[PDB]
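Positions are given from 1, in the same order as the sequence printed here. Whatever order the structure lists them in is the order used to number ligands and atoms, beginning at 1.
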Amino acid sequence: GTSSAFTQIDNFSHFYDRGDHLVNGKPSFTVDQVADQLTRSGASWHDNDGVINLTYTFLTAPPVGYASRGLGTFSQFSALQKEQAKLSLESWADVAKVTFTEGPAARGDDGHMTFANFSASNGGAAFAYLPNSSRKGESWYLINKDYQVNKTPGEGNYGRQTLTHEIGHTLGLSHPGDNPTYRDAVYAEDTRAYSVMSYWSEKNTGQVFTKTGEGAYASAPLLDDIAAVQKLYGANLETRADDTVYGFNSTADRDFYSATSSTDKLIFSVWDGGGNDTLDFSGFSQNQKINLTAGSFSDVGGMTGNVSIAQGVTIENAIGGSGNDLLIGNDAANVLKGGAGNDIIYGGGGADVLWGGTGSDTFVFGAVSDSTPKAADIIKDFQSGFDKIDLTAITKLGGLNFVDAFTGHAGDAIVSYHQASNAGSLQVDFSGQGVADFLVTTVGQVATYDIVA
Ligand SMILES: [Ca+2]
Ligand SMILES: [Ca+2]
Ligand SMILES: [Ca+2]
Ligand SMILES: [Ca+2]
Ligand SMILES: [Ca+2]
Ligand SMILES: [Ca+2]
């Protein structure tokens with residue numbers, strides 16, 4: 001078998017797997033299947049220029065026929081609502097080839113949107129219309145003494161998500177399914193851990209974002225939402241195409257991607273167009289499980305399944321926090337830093353740069369191809385006696401035979417050290433061809449007792 005360290009890596013790596021199985025008695029849908037699901041109405045703005053350019057207006061007066069909508073008193077968006085609406089619009093624009101410019105309907109635009117408030121509860125908390133309807137572009141928001149949610153929308157609260165969700169609807173995204181409860185969902189992932197369009201909380205799928213008495217809602221399009229809107233209008237590859245840091249020390253310039261304190265409740269799906277990027281969750285003291293696999297979920301900031309990387313996005317680096325984290329790389333050359341605490345770092349393919357940080361860290365390898373002589377991982381701060389290099393997924397605990405030179409037998413391993421440069425290495429001949437087919441180099445000596453095989 002394998003060590004518990006690898007099992008933990010393997011477990012988390014698969015913990016959020018989707019497709020071809022039942023969850024909560026419902027079929028689990030992959031991202032692509034949800035994208036089909038969320039665009040099942042067939043409605044969309046139409047372009048040609050390859051981009052959908054929409055204009056939008058913050059209504060200053062009721063439109064003709066307004067009074068017949070049974071909405072009561074009309075009111076214009078306050079400056080705060082406009083501000084939040086613009087951030088919400090932007091977060092959609094960041095991921096799909098759609099643009100939102102404030103202004104009156106124009107001949108050259110591809111459609112027009114309107115935002116306004118109403119005061120009669122009978123109208124519902126808020127609502128919008130698909131782009132193929134006669135009220136295409138419109139989204140309305142309730143505000144009265146009894147319902148104050150839309151009055152102060154802000155990063156992380158339902159007021160901001162409402163804006164995001166309603167705009168999503170005007171873009172062509174329908175709700176995940178047709179009193180109803182999650183039990184009536186058509187697919188397992190119909191919760192707001194996967195999509196802001198869902199009416200059901202993340203607790204239905206097991207994720208934990210916050211506790212009772214507190215609200216925590218993704219401010220921007222989540223994983224399936226991104227997939228859905230990109231299916232409709234194409235992926236916007238131009239956003240954040242240079243190097244980008246997400247989380248703490250964020251350079252993404254988006255409130256929902258920024259963290260400044262250990263108590264921040266991050267709920268986002270990373271959309272990124274290119275460059276060498278990092279998920280920096282170093283400011284957190286809670287245990288995290290960061291997965292750089294495209295389309296995968298991570299447990300960040302003491303929460304679970306709250307962070308994800310969109311399909312088609314390559315994120316290269318991850319920085320754990322103070323807790324006992326799991327860091328999982330992808331096929332690219334990754335820089336993974338555990339931070340303080342006892343971490344389990346898995347590089348995956350390519351030559352990775354691993355940092356344990358203080359504590360007692362474990363560097364896991366699941367396949368020979370993870371770290372070869374021609375493309376080897378480098379653990380830049382290996383602390384012998386405390387850190388470990390785990391090869392159990394490869395050896396299945398069969399053990400290794402530490403020697404000074406490969407004898408041609410499968411399982412031979414060579415622990416070397418070059419004092420003059422404080423550089424160490426673990427070479428292994430798994431195939432037994434008489435030469436190393438697996439290599440890991442370190443900064444700091446490595447001893448046979450630091451290896452788990
Ligand atoms: Ca980037
Ligand atoms: Ca990248
Ligand atoms: Ca850590
Ligand atoms: Ca550490
Ligand atoms: Ca990698
Ligand atoms: Ca690797």
Side-chain angles (χ1 to χ4, degrees), residues 5-6 9-10 12-13 90-91 93-95 220 226 235-247 249-254 256-258 268-280 289-296 298 307-320 326-338 343-356 361-373 375-380 382 389-394 425-428 430 436-443 446:
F6 171 75
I9 288 294
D10 190 49
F12 176 59
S13 189
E90 178 171 75
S91 61
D94 283 340
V95 312
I226 292 169
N236 178 342
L237 304 172
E238 300 170 7
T239 121
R240 298 178 287 269
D242 48 338
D243 296 337
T244 314
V245 187
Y246 296 87
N249 307 304
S250 164
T251 65
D253 197 38
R254 290 301 182 262
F256 51 84
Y257 282 143
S258 184
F268 61 65
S269 187
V270 180
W271 170 249
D272 185 290
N276 190 269
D277 320 294
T278 315
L279 300 192
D280 184 336
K289 297 170 167 57
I290 312 169
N291 195 346
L292 296 189
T293 304
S296 77
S298 293
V307 157
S308 69
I309 299 175
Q311 293 196 144
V313 176
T314 301
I315 303 294
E316 297 70 23
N317 321 310
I319 307 176
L326 300 183
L327 279 73
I328 291 183
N330 41 50
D331 289 344
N334 303 137
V335 173
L336 306 177
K337 301 178 178 170
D343 309 309
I344 303 175
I345 297 180
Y346 190 96
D352 299 315
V353 173
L354 314 176
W355 290 87
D361 299 294
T362 301
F363 305 90
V364 187
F365 295 82
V368 178
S369 67
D370 278 348
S371 217
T372 64
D377 274 24
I378 175 170
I379 299 176
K380 288 210 158 297
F382 198 82
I389 291 180
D390 187 307
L391 311 183
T392 60
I394 300 169
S425 68
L426 164 62
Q427 300 180 70
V428 177
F430 283 110
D437 59 357
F438 178 83
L439 169 69
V440 180
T441 69
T442 66
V443 174
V446 46

Would you say the side-chain atoms of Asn317 and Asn276 include a donor-acceptor pair closer than 3.5 Å? yes
Within the side chain of [X], is there an N or O that forms a donor-acceptor pair under 3.5 Å with the backbone of [Y]?
X      : Y      : answer
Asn291 : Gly329 : no
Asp361 : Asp343 : yes
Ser371 : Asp377 : yes

Got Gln311 and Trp271 here, is their nearest side-chain heavy-atom distance under 4.5 Å? no
Do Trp355 and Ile379 come close enough that some side-chain heavy atom pair is under 4.5 Å? no
Sort by chain and number the protein N/O/S atoms found under 3.0 Å from the Ca ion (ligand 1). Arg240 O, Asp242 O, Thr244 OG1, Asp272 OD1, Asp272 OD2, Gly274 O, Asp277 OD1
Identify which one of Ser296, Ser269, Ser298 satisfies the side chain to side chain donor-acceptor pair (under 3.5 Å) criterion when paired with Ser308. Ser269
Which heavy atom in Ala376 sits nearest to a heavy atom in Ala351, and how many Å separate them? O-CB, 3.5 Å
Can you list, by chain and residue number, the protein N, O or S atoms under 3.0 Å from the Ca ion (ligand 6)? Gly348 O, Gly350 O, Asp352 OD2, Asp370 O, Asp377 OD1
Please report the C-alpha distance between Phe268 and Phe256 in whole Å, then the side-chain angles of each, then the deciding distance to 0.1 Å, and finally whether the ring pair (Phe, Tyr, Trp, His ring centres under 6.0 Å) criterion is met. CA-CA 7 Å; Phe268 61 65; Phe256 51 84; 7.7 Å; no
